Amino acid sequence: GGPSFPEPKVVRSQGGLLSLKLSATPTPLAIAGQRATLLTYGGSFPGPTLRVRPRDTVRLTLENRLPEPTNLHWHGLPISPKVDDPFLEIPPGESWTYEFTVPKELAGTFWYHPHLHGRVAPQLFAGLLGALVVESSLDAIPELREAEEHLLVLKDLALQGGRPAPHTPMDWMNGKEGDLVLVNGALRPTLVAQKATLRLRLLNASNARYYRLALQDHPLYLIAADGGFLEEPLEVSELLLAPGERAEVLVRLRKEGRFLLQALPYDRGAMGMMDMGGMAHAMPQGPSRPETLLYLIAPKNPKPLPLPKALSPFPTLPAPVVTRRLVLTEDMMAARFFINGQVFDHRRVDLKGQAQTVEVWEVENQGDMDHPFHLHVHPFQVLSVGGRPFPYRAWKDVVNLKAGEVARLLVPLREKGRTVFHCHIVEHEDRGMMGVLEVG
């Protein structure tokens, strides 16, 4: 009813339970004015949005109908690595049921995708991704209850012969970006706002593309990061989202009109082919060209709601017991990527920590590309990057590091078990940039 806007179908918990059988299958679909066969969850691209509340039980049976093995990563969920098992392999024609309980204080936008080492980048690029939304009591305050809410899944694509384009040697080095820059699987959709205040949940599910988001004539009011709410709204003129990151923002439409949401130029350090070249620029790729993500039409006579005065206080964390240093490095021509000089070995435990303690992790990017660092299972607080303070307090699970930047993270260790940390330019994860944490 009303104007339509492309957005994944939502599956909601009922009576405290979200039970769903989700098949991973090659699927012919309509895409940007053409037909292409993608790999999808639940027959759609993006996959369905799972919407739950804290304390819900999720029982998701993943039916592997792919020609290769796969698994799921429950990205951002602070659950057991025995459930969110990065080492599990589901063979073709087999199923696996993931069962877990939504933590009581959790809120925000999360997502699910494959995590079978060696095949993450082709599988995610082919379309296997979906969102998970955890509702909050805070969603009931009038300043959020009356906002018009939408999910925006930012994910690019490239097609060749009616199927996802193959990975090239350059893609393994830079990570693969596509020429079709899509929102919720649609090319430059139009959102005709019925309310003057919007609450946009934002998900970068791309392999490697960065989204330097800006809305014409409007600031954004950041109310949530990857893994939960900020303590109060933070006004920004623009918002960079690296692969794997999420945010939620309020938009306050002041005037009537049509406003572009853009991904402004951003140079993440990707490298071009050659050396033999023109005069000054042809080695690095340089900044991305600007892209139009969607058109936003304000309602008539728009009168936005007041911003909420507070959101969620951020828990004070105990003093840390351990300091760790994780150094990221690259060998670009070999397209090999390292942490503390090693490539991932699933039979090698790299860090051993104690459950119910807090550590500080210093993650240092000694490469020339941006690398977005992700830690499974244990959300963290970013204290500083480059020795300067982070701009807000909120749970994160991906932190972007530009060349030479060192991030200092407070990592509370929660669930026992063996889990992983890795770059979320998933090509780099496939090519080495992953290590193993064991919590006891």
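Between two forms, the rigid core is defined as the largest C-alpha subset superposing within 1.5 Å. Quick note: we count residues from 1 along the sequence shown, nothing fancier.
- Superposition on the core shows that, in 8 other deposited structures of this protein, the C-alpha atoms drift more in one of 316-324 and 272-280; this is 272-280.
- The higher RMS C-alpha distance to the shown form in 8 other deposited structures of this protein, out of 62-70 and 387-395, belongs to 387-395, with every structure fitted on the core.
- Relative to its counterpart among 243-251 and 334-342, 334-342 has the higher mean temperature factor, C-alpha atoms as listed in the PDB entry.
- Stretches 22-30 and 43-51 differ in mean CA B factor, with 22-30 having the higher one.
- For the set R199, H167, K104, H73, the maximum C-alpha B-factor listed in the entry falls on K104.
- For the set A214, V363, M279, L132, the PDB entry puts the maximum C-alpha B factor at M279.
- Ranked within its chain, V411 lands in the middle third, by CA B factor from the PDB record.
- Annotation for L152: CA B-factor lies in the middle third of the chain's modelled residues.
- In this PDB entry, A186 carries a Cα temperature factor that places it within the lowest third of its chain's modelled residues.
- Per the deposited record, the Cα B-factor of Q356 falls in the highest third when ranked against the other modelled residues of its chain.
- Among the modelled residues of its chain, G440 has a C-alpha B-factor that falls in the highest third according to the deposited record.
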